[PDB]
Protein chains: 2
Amino acid sequence: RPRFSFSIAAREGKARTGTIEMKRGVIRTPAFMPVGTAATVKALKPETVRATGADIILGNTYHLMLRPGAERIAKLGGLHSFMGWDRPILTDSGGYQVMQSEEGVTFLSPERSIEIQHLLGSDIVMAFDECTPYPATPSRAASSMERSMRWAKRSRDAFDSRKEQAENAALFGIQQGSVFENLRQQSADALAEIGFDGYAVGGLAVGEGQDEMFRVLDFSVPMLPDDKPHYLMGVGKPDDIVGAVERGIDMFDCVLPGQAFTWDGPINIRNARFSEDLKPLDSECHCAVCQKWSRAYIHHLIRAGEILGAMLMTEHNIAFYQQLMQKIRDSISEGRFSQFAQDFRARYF
Amino acid sequence: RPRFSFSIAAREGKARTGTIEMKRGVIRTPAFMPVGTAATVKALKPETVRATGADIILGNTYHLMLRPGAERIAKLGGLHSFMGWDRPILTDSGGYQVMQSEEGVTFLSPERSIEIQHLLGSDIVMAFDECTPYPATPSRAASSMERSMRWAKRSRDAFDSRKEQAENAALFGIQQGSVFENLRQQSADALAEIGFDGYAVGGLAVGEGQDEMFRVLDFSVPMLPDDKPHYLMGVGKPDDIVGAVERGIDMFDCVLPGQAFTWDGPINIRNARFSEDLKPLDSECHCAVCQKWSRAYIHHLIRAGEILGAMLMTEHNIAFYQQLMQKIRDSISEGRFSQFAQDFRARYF
Ligand SMILES: CNc1nc2cc3c(=O)[nH]c(N)nc3c(CCO)c2[nH]1
Ligand SMILES: CNc1nc2cc3c(=O)[nH]c(N)nc3c(CCO)c2[nH]1
Ligand SMILES: [Zn+2]
Ligand SMILES: [Zn+2]
C-alpha cells in the first residue's frame, strides 16, 4: 500500500466519505478512532476492537512517555507489536495531556514529541502544538496560535529529517485560533504553506458548547485543504459527530465509550429500572454484547463493580460508534446523509 | 444425557479419571472448576472460560443471594441464562461464605439454601453444612460434625421434595470432622447412609498446611463411596491438586487464578525483572495469551492497573490449570501419573 493516500469516493454538501490508504491498512472515512490510553483500549483485546469495526486506534503518547517509556517500547518492538494491534495507529503529540517556553514544555519540545512518536512506531504523527484555553482573549489566542504554527514548522522539519519516519508514516498539522475567524484563517494558511498529510481542527471541545463549536467549524473547516483529511480532536458525542461530518470533518476520537449509547439516546445502565430488563442494551445493535446478554445482567455487573461489566459496556459502546460511522458513510455514499442526520436526531432526542 | 452418571475410565493407585454425565454436558475428571463470584468468572466472558477447557464452573450462592437475589435470578431465567453459561454449574450452599442455631444461620437454613440453589438453577447442589474452624477441639469438632450430618439429611429431604430439582440436578454431601480420623469416619458413614450423588471433603484448606491436609486426605478419602465423585472444596495450588488427586480426589475449585502460574513455578509479573522480557508468561502454555502477548506487556498493564491486565492474567492462569488437569487425566489414563507427579514437582519446584 502507499505511505499515505486519501481518496474521496462521495460527497454531499460539506460531508465526504472515502478512504485513507496506509502501509498498515485502509481507513474508512468518516472514521472513529477508539482511544488506547497506556497501550490498551480500556477493557478490550485488540481482536475485539477490530471486530467492532475500528480501522485505526489512537495511542496516548503522554502516558506512554511516562510509562513504559518511549525508548522501552522501541526496544520492545514498537507499540504495534507491544500491544498486539497491527493496523494504523494515530498518536497525539503529548502537549494537550501535559496541560512553558518557546522551546517546549517542562513538567517536551516539537523535536522530542516527533521523536517519541517515531519510537512508538506511530503511523499518523500529530504536530506538537500549544492548545489554547477557553475562553481566550484575542491577543492570547493569537500568541498561542502563532507559537503553534512555529511549532508546526519545527515538527515538519523533525519528521522529514528522520528518513524511516518520513517514508513510512504521515504527519498531520493542527489548526489553532480559538473561536476567532481571522485567527483560524491565519492558522490554516500557515499550515497549508508548510504542507501536511492531513489537518486537525484543534482547540475545540474545551468547554465552548455544541452551538459555538459548530459555529467555529462552519467557517474553519472550509479553510483547510479540501483534498486532505480533516480531524476534529476530542469529539465526541454521537450528535457532535453527526453535525461535525455535516461541516466537513473526516476523523474523530473520544474517551469513555454505566452510560450506554442507544439509537434512542444514552441510558445509564446503573438505573434501578434496568434491574429486571431482559432486552439488550440496544434493540437494533448488531454487537456481540447485544446478541448475548441483557440489560439486567450488565446492570448487575456494573453495580457490582465487576470487570466483565466494563468489558461488555465498552464493547457495546465502541461497536455502537462504529455502526454510527458506517451509517454516516453509507448515507453519504447514497446521497441521503442529510436525511439520515435528521432521522437520527429525531429518534436520538 | 442422564441426570447424573459418574463413570471411571481408568485408575492408578488411589487416582482416577473418568466422566460425570449431566443434562447440560459432560465433566472430565479430575476436574478444575473456575469460580464465578457474583455471576461472573472474574474478567472473562463465558466463551473464554470455555475455551480454556473448563467443563463446569462454580457459582457463589452467598453473593448471589445478596445480589442480585435468588428470586430475581429465577424470574430472569436462572443463572445459566443470566450469565450466558449453558454448561453445568456447581453452587456452594452459602454457609462457608456467611462465616448460629440448629435451625440455621441468621446474618440461611438447609431448606433455604437448597431452595436458593434451585432458584439459581444449579446442576450440582451442595448440602448446607457448618464448616468447623481450624484448629478445633475434638469436642467442638464432633458437635459441628454432628450438626452438619443432621443438616445433610435436611438438605437431602428438601432436595428430594422438589420434583424438578430432584429430576434434573444432583446433590453432593459434605464430610466434616476436622483432622480427627474417628470423626471423619462417622461423617462418611452418616453421609453414605443418607446417600448422595457425590461426596465433598469439607473443612480443609482452612490454615492447616499441606502436610496436615494430605495426612487427613490419606485416611478420609477412602471412607467415602468409591463409585461417586470426591470433591475437595477450596483447593487449590497446583501442587495441592496433584497430591490430592494421588489421594483419590476428583474435583477442585480455587479463587485467584500479578501471580502467574508456569511449569517452572509461579512468577509475579509485577517484578521489575519482567519489564523487558519478551517471552510469554509460560514457554509451553498453549493459551491465547501466551500465543500473543509478552511478559513485558502484561507487566506494564498490571502495574498500570489496566483491566486488560487482569483479563489476560486470568485467562492464562485458568488455561494453565485446565492444561494441568488435562495432563493429570492423560497420565492416569496411560498409567504414568505417579511419574507425571514426580516430574511436575521437580520442575515446578
Ligand atoms: C476533549 N476535547 C479535546 N479538545 C482537544 C484539543 C486538542 C488540541 O487542540 N491539540 C491537541 N494536540 N490535542 C487536543 C485534544 C486531545 C485529542 O484526543 C483535545 N481533546
Ligand atoms: C479455601 N479453603 C476452603 N475450605 C473450605 C471448606 C468448605 C466447607 O467445609 N464447606 C463448604 N460448604 N465450603 C467450603 C469452602 C468453600 C469452597 O469454595 C472451603 N474453601
Ligand atoms: Zn450492542
Ligand atoms: Zn498461557
# chains A, B, ... in the order shown; residues from 1 in each chain; ligands from 1
call {"tool": "residues_near_ligand", "arguments": {"ligand": "ligand 4", "cutoff": "6 Å", "atoms": "only C-alpha atoms and all ligand atoms", "output": "ChimeraX atom specification"}}
result
/B:281-282,285-287,289-290,316
call {"tool": "residues_around", "arguments": {"residues": "region 170-174 of chain A", "least_positions_apart": "6", "cutoff": "6 Å", "atoms": "only C-alpha atoms", "output": "PyMOL selection string"}}
result
chain A and resi 124-127+196-202
call {"tool": "write_last_selection", "arguments": {"atoms": "N, CA, C and O atoms", "output": "compact mmCIF listing (two decimals), in the first residue's frame"}}
result
# COMPACT_ATOMS: atom_id res chain seq x y z
N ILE A 124 0.33 7.77 11.98
CA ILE A 124 -0.07 9.16 11.80
C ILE A 124 0.40 9.96 13.02
O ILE A 124 -0.12 9.83 14.13
N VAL A 125 1.41 10.78 12.77
CA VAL A 125 2.05 11.62 13.77
C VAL A 125 1.36 12.97 13.86
O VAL A 125 1.12 13.58 12.81
N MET A 126 1.02 13.47 15.05
CA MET A 126 0.45 14.79 15.21
C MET A 126 1.54 15.84 15.45
O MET A 126 2.47 15.65 16.23
N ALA A 127 1.47 17.00 14.79
CA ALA A 127 2.45 18.04 15.13
C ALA A 127 2.31 18.41 16.60
O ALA A 127 1.24 18.24 17.20
N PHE A 196 0.95 19.46 4.90
CA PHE A 196 0.75 18.31 5.77
C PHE A 196 -0.04 17.23 5.04
O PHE A 196 -0.62 17.50 3.98
N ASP A 197 -0.05 16.03 5.60
CA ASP A 197 -0.80 14.91 5.04
C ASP A 197 -2.27 15.02 5.39
O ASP A 197 -3.15 14.54 4.69
N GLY A 198 -2.54 15.68 6.52
CA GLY A 198 -3.90 15.90 6.97
C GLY A 198 -3.90 17.06 7.95
O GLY A 198 -2.81 17.45 8.39
N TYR A 199 -5.07 17.60 8.25
CA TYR A 199 -5.26 18.83 9.03
C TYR A 199 -6.26 18.60 10.15
O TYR A 199 -7.43 18.23 10.00
N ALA A 200 -5.77 18.83 11.38
CA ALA A 200 -6.70 18.67 12.50
C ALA A 200 -7.27 20.02 12.90
O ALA A 200 -6.61 21.06 12.76
N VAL A 201 -8.51 20.03 13.39
CA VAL A 201 -9.04 21.26 13.97
C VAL A 201 -8.86 21.15 15.48
O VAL A 201 -9.52 20.36 16.17
N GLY A 202 -7.91 21.91 16.02
CA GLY A 202 -7.63 21.77 17.46
C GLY A 202 -8.33 22.89 18.22
O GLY A 202 -8.94 23.78 17.60
call {"tool": "residues_near_ligand", "arguments": {"ligand": "ligand 2", "cutoff": "6 Å", "atoms": "only C-alpha atoms and all ligand atoms", "output": "CSV table (one decimal) with N, CA, C and O atoms, in the first residue's frame"}}
result
chain,number,residue,atom,x,y,z
B,92,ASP,N,-22.2,-23.5,45.8
B,92,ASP,CA,-21.9,-23.9,47.2
B,92,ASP,C,-23.2,-23.5,48.0
B,92,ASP,O,-24.1,-22.9,47.4
B,93,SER,N,-23.3,-23.9,49.2
B,93,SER,CA,-24.6,-23.8,49.9
B,93,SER,C,-24.7,-22.5,50.7
B,93,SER,O,-25.8,-22.2,51.2
B,95,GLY,N,-23.2,-21.4,53.5
B,95,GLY,CA,-22.8,-21.4,54.9
B,95,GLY,C,-21.4,-20.8,55.1
B,95,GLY,O,-21.2,-19.8,55.8
B,96,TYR,N,-20.4,-21.4,54.4
B,96,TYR,CA,-19.0,-21.1,54.4
B,96,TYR,C,-18.7,-19.6,54.2
B,96,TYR,O,-17.9,-19.0,55.0
B,129,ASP,N,-24.0,-27.0,55.2
B,129,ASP,CA,-23.1,-27.5,56.3
B,129,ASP,C,-22.7,-26.4,57.2
B,129,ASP,O,-23.0,-25.2,56.9
B,131,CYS,N,-19.1,-25.3,58.6
B,131,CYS,CA,-17.7,-25.6,58.5
B,131,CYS,C,-17.1,-25.4,59.9
B,131,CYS,O,-17.4,-24.5,60.6
B,202,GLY,N,-15.0,-31.6,53.2
B,202,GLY,CA,-15.0,-30.2,53.7
B,202,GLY,C,-14.1,-30.0,54.8
B,202,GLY,O,-13.5,-31.0,55.3
B,203,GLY,N,-13.9,-28.8,55.3
B,203,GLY,CA,-13.2,-28.4,56.5
B,203,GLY,C,-11.7,-28.5,56.3
B,203,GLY,O,-11.0,-28.5,57.4
B,204,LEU,N,-11.1,-28.4,55.1
B,204,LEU,CA,-9.7,-28.5,54.9
B,204,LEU,C,-9.3,-27.2,54.1
B,204,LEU,O,-10.2,-26.5,53.6
B,205,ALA,N,-8.0,-27.0,53.9
B,205,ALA,CA,-7.7,-25.7,53.3
B,205,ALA,C,-8.2,-24.6,54.1
B,205,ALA,O,-8.7,-23.6,53.6
B,206,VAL,N,-8.1,-24.7,55.5
B,206,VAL,CA,-8.6,-23.7,56.4
B,206,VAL,C,-7.4,-23.3,57.4
B,206,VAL,O,-7.7,-23.0,58.5
B,233,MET,N,-13.1,-29.2,48.5
B,233,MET,CA,-13.6,-27.8,48.4
B,233,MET,C,-12.5,-26.8,48.7
B,233,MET,O,-11.8,-26.9,49.8
B,234,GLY,N,-12.3,-25.8,47.9
B,234,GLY,CA,-11.4,-24.7,48.2
B,234,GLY,C,-9.9,-25.0,47.8
B,234,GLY,O,-9.0,-24.2,47.9
call {"tool": "interface_residues", "arguments": {"of": "chain A", "to": "chain B", "cutoff": "9 Å", "atoms": "only C-alpha atoms", "output": "compact mmCIF listing (two decimals) with C-alpha atoms, in the first residue's frame"}}
result
# COMPACT_ATOMS: atom_id res chain seq x y z
CA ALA A 38 -1.45 3.29 28.26
CA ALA A 39 -1.11 0.98 25.23
CA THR A 40 -4.56 -0.61 25.64
CA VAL A 41 -8.09 0.25 24.57
CA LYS A 42 -9.72 0.04 28.03
CA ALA A 43 -11.06 -3.47 28.78
CA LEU A 44 -10.81 -4.78 25.20
CA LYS A 45 -8.42 -7.14 23.40
CA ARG A 67 5.12 4.54 31.23
CA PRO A 68 6.51 2.31 29.93
CA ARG A 72 11.49 0.98 26.19
CA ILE A 73 8.65 0.41 23.74
CA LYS A 75 13.45 -1.65 22.28
CA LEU A 76 10.46 -3.96 22.68
CA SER A 81 3.99 -5.34 18.47
CA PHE A 82 3.81 -4.42 22.16
CA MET A 83 0.02 -4.22 22.37
CA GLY A 84 -0.87 -6.59 19.53
CA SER A 275 -32.56 -4.47 37.18
CA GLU A 276 -35.08 -6.79 35.52
CA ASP A 277 -34.97 -5.61 31.89
CA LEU A 278 -34.20 -8.62 29.67
CA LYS A 292 -25.85 -12.39 24.14
CA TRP A 293 -26.52 -10.50 27.39
CA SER A 294 -29.35 -8.48 28.92
CA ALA A 296 -30.43 -6.71 33.69
CA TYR A 297 -27.16 -8.66 33.69
CA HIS A 300 -25.89 -6.16 37.99
CA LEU A 301 -22.27 -6.33 36.85
CA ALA A 304 -21.22 -4.97 41.50
CA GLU A 306 -17.29 -6.38 38.14
CA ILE A 307 -14.67 -6.17 35.40
CA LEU A 308 -16.89 -8.08 32.96
CA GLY A 309 -19.31 -5.13 33.25
CA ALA A 310 -16.75 -2.68 31.88
CA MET A 311 -15.69 -5.14 29.15
CA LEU A 312 -19.24 -5.58 27.96
call {"tool": "residues_around", "arguments": {"residues": "residue 245 (chain A)", "least_positions_apart": "6", "cutoff": "9 Å", "atoms": "only C-alpha atoms", "output": "PyMOL selection string"}}
result
chain A and resi 14-16+30+251+328
call {"tool": "closest_residue", "arguments": {"among": "A:243, A:133, A:207, A:248", "to": "residue 230 (chain A)", "atoms": "only C-alpha atoms"}}
result
A:248
call {"tool": "select_by_dssp", "arguments": {"residues": "region 5-170 of chain B", "states": "alpha helix (DSSP H)", "output": "ChimeraX atom specification"}}
result
/B:46-52,61-66,70-76,79-83,95-98,110-120,138-160,163-168
call {"tool": "atom_distance", "arguments": {"atom1": "CA of residue 265 (chain A)", "atom2": "CA of residue 348 (chain A)"}}
result
4.5 Å
